[PDB]
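S.K.: Structure provided below as C-alpha cells; questions to follow.
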Amino acid sequence: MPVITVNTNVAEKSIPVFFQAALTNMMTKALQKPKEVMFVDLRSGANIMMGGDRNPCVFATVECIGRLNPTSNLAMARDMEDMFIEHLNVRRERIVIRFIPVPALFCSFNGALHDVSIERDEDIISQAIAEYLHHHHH
Amino acid sequence: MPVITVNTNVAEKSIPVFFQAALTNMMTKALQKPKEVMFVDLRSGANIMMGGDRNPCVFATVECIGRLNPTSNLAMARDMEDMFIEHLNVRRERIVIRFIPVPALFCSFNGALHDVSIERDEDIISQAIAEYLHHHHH
Amino acid sequence: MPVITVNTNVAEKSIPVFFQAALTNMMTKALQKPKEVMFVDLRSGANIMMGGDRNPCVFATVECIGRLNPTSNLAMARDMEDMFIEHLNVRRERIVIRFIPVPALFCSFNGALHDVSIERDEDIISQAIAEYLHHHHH
Ligand SMILES: [Cl-]
C-alpha cells in the first residue's frame, strides 16, 4: 500500500536531494511491504502555516493497508519526526503525523485490488508463527 | 460528492489539455452523480517518487458519498488506470488508486450537508426497482 | 489536532495576505483546540476544476480529533463557506468541505500520540458539567 505524504513550508532548495529516498527506505522496512509500492510525495515550499506563524512546520500522512495500530503508529511517528528535525530542520513541537488505515478492497494496485488478509496483518502472524517454531523447537 | 485527485510526477506540459475534462466525464457516469459537483484536482509535476525511482508513476484518490464498494471500486480503478497509461503514459505496475468513503453528514455542498440516503445508494436501488417493473411487467 | 486544507484554482496573487491567519483563528475557536496545533494548508492556484469548468471553485478538508459531528460540521461548513465567498470570491454553489474524523492513537503531535479522551469530546462535557454547576447552583 504505503503512501508517505510530507507537507512542509521548508523550501525544496533546502532539502537534501536524498531525503525522499531515505524516508522511502525507512518506511519500506517500518510498514514491512515491498519498496516497489512505497510512494513518497514531498510537498516542499507548501503555503502551509501552523499556529498562525511560519516557522519550520510539518504535517505528514501515512496511508497503509494494515500495519497501522497504536503501538506501531507511535514508533513510526517518532522515527519520521527524528528524520524531519535533522534533515528538514523543523522542530518536534511543530510536527503532526496522521496514520490512515486503508481498506484493502478500497485500493487498486496494478489492475487488481489488495488482499484483505494483509489488511489484517496475517502475513506477519504467519511469520511470527514460523520464527517461533525455529527457535522454540528448531 | 465526487473528488478525483491525481498526484503524478508527469510534467503538466506533457498532459493533454482535455485530460481533466475526460476524467471528469468518465467519473461523473461511473459514480452516478451530477457533473456539477465532480472535482478533478490534477497535481502534475508533483515531487512524488514511488519505489525510490522517478518513472511515470501515479497515486489517485476518489472521495465519494456512497457508490464505493469492492465490485465498483475495482471496475473504476481499471478504467482510471487505462485512462492514465494512454494519456499520462505511466505504466499500470506504477498506479495505486485509493477509494475513500465519505460520510454524508461529514461533507458540506452549498450551505447544507448531504443526504444520508445517497451514502446508502438508496437512489440506485429505487432506480433498480423502477427499471425492474418496466421490463418485468411493462 | 486540526488541519484545515483549502484547494482552490484562485491565484495566490488574488488572496488577502491575512486569509490563512483569519481562517486559523476562526477554526481554532470552532474546534475548541490550541491555536499552536492548528495547520492551514492553502493550495492556491491549484490545477483544480469542478463540473468540467474553471470558475472560482473550492474543495476544503478539516482533519480533527473529535469535535466533528453532524450539528457542528454544518455550522463550521457555513462559516468556512461565508469566509471563502467574501475573501476568495468563489460562490457557495461551488464549495464542498469534507470533515475527516481522526483517531487519537493514529495522529502523532510532538513525540507522543493524542489523548483518546479528547476524540470523545470528554473535555467539553466536563466543561459543560462545570458551567452547569456555576449558573445552576453558583
Ligand atoms: Cl482520508
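In the C-alpha cells, chains take letters A, B, ... by order of appearance, with residues numbered from 1 within each chain and ligands from 1 in the order shown.
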Compile the contact shell of residue B:5 as a ChimeraX atom specification: residues with an atom at most 12 Å away, counting only C-alpha atoms, same-chain residues fewer than 4 positions apart removed.
M.R.: /B:20,23-24,27,38-44,58-64,80,96-100 /C:7,46-50,59
S.K.: Using DSSP secondary structure from the backbone, list all strand (DSSP E) positions within chain B, as an NGL selection string.
M.R.: :B and (3-8 or 39-43 or 48-50 or 58-64 or 95-101 or 107-109)
S.K.: Go ahead and save the picked residues with N, CA and C atoms, as a PDB file, in the first residue's frame.
M.R.:
```pdb
ATOM      1  N   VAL B   3     -14.703  13.727  -5.707  1.00  0.00           N
ATOM      2  CA  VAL B   3     -13.429  14.495  -5.778  1.00  0.00           C
ATOM      3  C   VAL B   3     -12.304  13.569  -6.245  1.00  0.00           C
ATOM      4  N   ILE B   4     -12.009  13.553  -7.547  1.00  0.00           N
ATOM      5  CA  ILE B   4     -10.910  12.713  -8.107  1.00  0.00           C
ATOM      6  C   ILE B   4      -9.649  13.557  -8.069  1.00  0.00           C
ATOM      7  N   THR B   5      -8.644  13.091  -7.320  1.00  0.00           N
ATOM      8  CA  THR B   5      -7.343  13.762  -7.113  1.00  0.00           C
ATOM      9  C   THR B   5      -6.271  12.876  -7.734  1.00  0.00           C
ATOM     10  N   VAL B   6      -5.440  13.415  -8.625  1.00  0.00           N
ATOM     11  CA  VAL B   6      -4.357  12.645  -9.314  1.00  0.00           C
ATOM     12  C   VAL B   6      -3.021  13.308  -8.984  1.00  0.00           C
ATOM     13  N   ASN B   7      -2.172  12.643  -8.214  1.00  0.00           N
ATOM     14  CA  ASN B   7      -0.779  13.097  -7.972  1.00  0.00           C
ATOM     15  C   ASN B   7       0.108  12.257  -8.883  1.00  0.00           C
ATOM     16  N   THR B   8       0.796  12.918  -9.814  1.00  0.00           N
ATOM     17  CA  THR B   8       1.749  12.284 -10.751  1.00  0.00           C
ATOM     18  C   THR B   8       2.991  13.180 -10.865  1.00  0.00           C
ATOM     19  N   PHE B  39     -15.308  17.243  -8.771  1.00  0.00           N
ATOM     20  CA  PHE B  39     -13.981  17.914  -8.783  1.00  0.00           C
ATOM     21  C   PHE B  39     -12.951  16.966  -9.393  1.00  0.00           C
ATOM     22  N   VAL B  40     -12.035  17.503 -10.184  1.00  0.00           N
ATOM     23  CA  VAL B  40     -10.786  16.804 -10.589  1.00  0.00           C
ATOM     24  C   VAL B  40      -9.624  17.735 -10.252  1.00  0.00           C
ATOM     25  N   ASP B  41      -8.797  17.329  -9.296  1.00  0.00           N
ATOM     26  CA  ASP B  41      -7.592  18.064  -8.855  1.00  0.00           C
ATOM     27  C   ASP B  41      -6.387  17.343  -9.446  1.00  0.00           C
ATOM     28  N   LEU B  42      -5.806  17.905 -10.505  1.00  0.00           N
ATOM     29  CA  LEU B  42      -4.566  17.370 -11.117  1.00  0.00           C
ATOM     30  C   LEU B  42      -3.367  17.997 -10.414  1.00  0.00           C
ATOM     31  N   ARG B  43      -2.511  17.164  -9.821  1.00  0.00           N
ATOM     32  CA  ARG B  43      -1.239  17.611  -9.202  1.00  0.00           C
ATOM     33  C   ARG B  43      -0.139  17.059 -10.100  1.00  0.00           C
ATOM     34  N   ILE B  48       6.708  13.652  -6.480  1.00  0.00           N
ATOM     35  CA  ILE B  48       6.289  12.313  -5.999  1.00  0.00           C
ATOM     36  C   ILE B  48       7.235  11.284  -6.605  1.00  0.00           C
ATOM     37  N   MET B  49       7.631  10.317  -5.786  1.00  0.00           N
ATOM     38  CA  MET B  49       8.530   9.215  -6.183  1.00  0.00           C
ATOM     39  C   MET B  49       7.902   7.935  -5.645  1.00  0.00           C
ATOM     40  N   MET B  50       8.017   6.845  -6.398  1.00  0.00           N
ATOM     41  CA  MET B  50       7.469   5.534  -5.989  1.00  0.00           C
ATOM     42  C   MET B  50       8.555   4.489  -6.207  1.00  0.00           C
ATOM     43  N   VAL B  58       1.853   7.202 -10.517  1.00  0.00           N
ATOM     44  CA  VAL B  58       0.579   7.910 -10.197  1.00  0.00           C
ATOM     45  C   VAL B  58       0.021   7.372  -8.879  1.00  0.00           C
ATOM     46  N   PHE B  59      -0.486   8.267  -8.030  1.00  0.00           N
ATOM     47  CA  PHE B  59      -1.308   7.935  -6.839  1.00  0.00           C
ATOM     48  C   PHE B  59      -2.597   8.759  -6.879  1.00  0.00           C
ATOM     49  N   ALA B  60      -3.714   8.133  -7.254  1.00  0.00           N
ATOM     50  CA  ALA B  60      -5.018   8.837  -7.386  1.00  0.00           C
ATOM     51  C   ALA B  60      -5.872   8.492  -6.181  1.00  0.00           C
ATOM     52  N   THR B  61      -6.787   9.381  -5.810  1.00  0.00           N
ATOM     53  CA  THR B  61      -7.792   9.147  -4.754  1.00  0.00           C
ATOM     54  C   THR B  61      -9.163   9.522  -5.305  1.00  0.00           C
ATOM     55  N   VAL B  62     -10.189   8.774  -4.912  1.00  0.00           N
ATOM     56  CA  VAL B  62     -11.611   9.043  -5.252  1.00  0.00           C
ATOM     57  C   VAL B  62     -12.379   9.260  -3.953  1.00  0.00           C
ATOM     58  N   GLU B  63     -12.794  10.488  -3.668  1.00  0.00           N
ATOM     59  CA  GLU B  63     -13.655  10.773  -2.490  1.00  0.00           C
ATOM     60  C   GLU B  63     -15.100  10.787  -2.957  1.00  0.00           C
ATOM     61  N   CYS B  64     -15.937   9.895  -2.431  1.00  0.00           N
ATOM     62  CA  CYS B  64     -17.346   9.774  -2.850  1.00  0.00           C
ATOM     63  C   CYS B  64     -18.244   9.463  -1.648  1.00  0.00           C
ATOM     64  N   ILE B  95       0.749   2.383 -10.680  1.00  0.00           N
ATOM     65  CA  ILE B  95      -0.513   3.124 -10.387  1.00  0.00           C
ATOM     66  C   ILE B  95      -1.183   2.497  -9.165  1.00  0.00           C
ATOM     67  N   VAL B  96      -1.534   3.345  -8.205  1.00  0.00           N
ATOM     68  CA  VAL B  96      -2.298   2.986  -6.977  1.00  0.00           C
ATOM     69  C   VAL B  96      -3.426   4.012  -6.801  1.00  0.00           C
ATOM     70  N   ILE B  97      -4.666   3.548  -6.780  1.00  0.00           N
ATOM     71  CA  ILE B  97      -5.855   4.410  -6.563  1.00  0.00           C
ATOM     72  C   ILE B  97      -6.438   4.012  -5.217  1.00  0.00           C
ATOM     73  N   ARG B  98      -6.800   5.002  -4.385  1.00  0.00           N
ATOM     74  CA  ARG B  98      -7.452   4.769  -3.072  1.00  0.00           C
ATOM     75  C   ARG B  98      -8.870   5.337  -3.122  1.00  0.00           C
ATOM     76  N   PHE B  99      -9.885   4.493  -2.951  1.00  0.00           N
ATOM     77  CA  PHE B  99     -11.310   4.893  -2.889  1.00  0.00           C
ATOM     78  C   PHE B  99     -11.665   5.192  -1.430  1.00  0.00           C
ATOM     79  N   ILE B 100     -12.129   6.416  -1.161  1.00  0.00           N
ATOM     80  CA  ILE B 100     -12.353   6.933   0.213  1.00  0.00           C
ATOM     81  C   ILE B 100     -13.846   7.158   0.394  1.00  0.00           C
ATOM     82  N   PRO B 101     -14.509   6.344   1.253  1.00  0.00           N
ATOM     83  CA  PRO B 101     -15.927   6.502   1.537  1.00  0.00           C
ATOM     84  C   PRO B 101     -16.093   7.711   2.465  1.00  0.00           C
ATOM     85  N   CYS B 107     -19.767  16.243   5.066  1.00  0.00           N
ATOM     86  CA  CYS B 107     -19.421  16.787   3.733  1.00  0.00           C
ATOM     87  C   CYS B 107     -20.443  17.843   3.318  1.00  0.00           C
ATOM     88  N   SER B 108     -20.027  19.099   3.219  1.00  0.00           N
ATOM     89  CA  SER B 108     -20.942  20.267   3.064  1.00  0.00           C
ATOM     90  C   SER B 108     -20.875  20.832   1.649  1.00  0.00           C
ATOM     91  N   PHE B 109     -21.887  20.572   0.826  1.00  0.00           N
ATOM     92  CA  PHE B 109     -22.021  21.204  -0.506  1.00  0.00           C
ATOM     93  C   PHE B 109     -23.132  22.240  -0.478  1.00  0.00           C
TER      94      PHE B 109
END
```
S.K.: Using only C-alpha atoms and all ligand atoms, pick whichever of A:68, A:102, A:125, A:31 has the shortest atom-to-atom distance to ligand 1.
M.R.: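 That would be A:102, the residue with the smallest distance to ligand 1.
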S.K.: So the first atom is atom CA of residue B:75 and the second is atom CA of residue B:53; what is the distance between them in Å, to one decimal place?
M.R.: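 Going from atom CA of residue B:75 over to atom CA of residue B:53 covers 28.2 Å.
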S.K.: Between B:110, B:137, B:82, B:103, which is the closest to ligand 1 once you count only C-alpha atoms and all ligand atoms?
M.R.: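 Closest to ligand 1, using only C-alpha atoms and all ligand atoms: B:103.
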S.K.: Looking only at alpha helix (DSSP H) from DSSP on the backbone, list the matching residues of chain B as a compact mmCIF listing (two decimals) with C-alpha atoms, in the first residue's frame.
M.R.:
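The file below, selection_9.txt, is the result:
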```
# COMPACT_ATOMS: atom_id res chain seq x y z
CA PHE B 19 -7.40 15.16 -19.61
CA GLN B 20 -9.20 16.65 -16.53
CA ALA B 21 -12.39 17.09 -18.69
CA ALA B 22 -12.24 13.44 -19.96
CA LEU B 23 -11.64 12.04 -16.43
CA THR B 24 -14.42 14.40 -15.16
CA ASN B 25 -16.98 12.98 -17.66
CA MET B 26 -15.77 9.38 -17.04
CA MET B 27 -16.19 9.54 -13.21
CA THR B 28 -19.48 11.53 -13.42
CA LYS B 29 -21.10 8.49 -15.14
CA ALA B 30 -19.09 5.96 -13.03
CA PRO B 70 -15.31 -3.82 -3.79
CA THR B 71 -17.10 -4.59 -7.08
CA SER B 72 -17.42 -0.99 -8.32
CA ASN B 73 -14.05 0.08 -6.85
CA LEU B 74 -12.13 -2.46 -8.97
CA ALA B 75 -14.14 -1.55 -12.12
CA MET B 76 -13.37 2.24 -11.70
CA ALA B 77 -9.68 1.60 -10.83
CA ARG B 78 -9.25 -0.41 -14.10
CA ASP B 79 -10.86 2.45 -16.13
CA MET B 80 -8.84 5.22 -14.34
CA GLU B 81 -5.68 3.05 -14.80
CA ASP B 82 -6.37 2.61 -18.58
CA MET B 83 -7.01 6.41 -18.82
CA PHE B 84 -3.61 7.13 -17.08
CA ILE B 85 -1.48 4.65 -19.16
CA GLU B 86 -2.69 6.10 -22.52
CA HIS B 87 -2.99 9.86 -21.62
CA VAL B 116 -27.52 10.09 4.20
CA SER B 117 -29.90 8.18 1.85
CA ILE B 118 -27.38 8.64 -1.07
CA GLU B 119 -24.49 7.36 1.15
CA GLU B 122 -30.88 4.24 -1.99
CA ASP B 123 -31.43 6.31 -5.18
CA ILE B 124 -29.89 3.43 -7.27
CA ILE B 125 -31.94 0.64 -5.55
CA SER B 126 -35.10 2.71 -6.27
CA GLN B 127 -33.89 3.03 -9.94
CA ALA B 128 -33.19 -0.75 -9.85
CA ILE B 129 -36.81 -1.32 -8.63
CA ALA B 130 -38.21 1.13 -11.27
CA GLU B 131 -36.38 -0.42 -14.29
CA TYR B 132 -37.34 -3.83 -12.89
CA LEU B 133 -41.10 -3.19 -13.13
CA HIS B 134 -40.80 -1.68 -16.68
CA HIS B 135 -39.23 -4.82 -18.35
CA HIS B 136 -40.69 -7.36 -15.82
CA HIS B 137 -44.36 -6.14 -16.08
```
S.K.: Using only C-alpha atoms and all ligand atoms for the distances, tell me which of B:106, B:69, B:115, B:45 is nearest to ligand 1.
M.R.: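 Of B:106, B:69, B:115, B:45, the one nearest ligand 1, counting only C-alpha atoms and all ligand atoms, is B:106.
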S.K.: If we count only C-alpha atoms, what is near residue A:34 at a cut-off of 10 Å, once residues fewer than 6 positions away on the same chain are taken out, given as a PyMOL selection string?
M.R.: (chain A and resi 1-2+28) or (chain B and resi 51)
S.K.: Could you take the residues named above and write them with C-alpha atoms, as a tab-separated table (two decimals), in the first residue's frame?
M.R.:
```tsv
chain	number	residue	atom	x	y	z
A	1	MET	CA	0.00	0.00	0.00
A	2	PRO	CA	2.20	2.71	1.59
A	28	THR	CA	9.54	0.28	3.48
B	51	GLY	CA	9.86	2.61	-5.26
```
S.K.: In Å, rounded to a single decimal, give me how far atom CA of residue C:37 is from atom CA of residue A:10.
M.R.: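 Atom CA of residue C:37 lies at a distance of 17.6 Å from atom CA of residue A:10.
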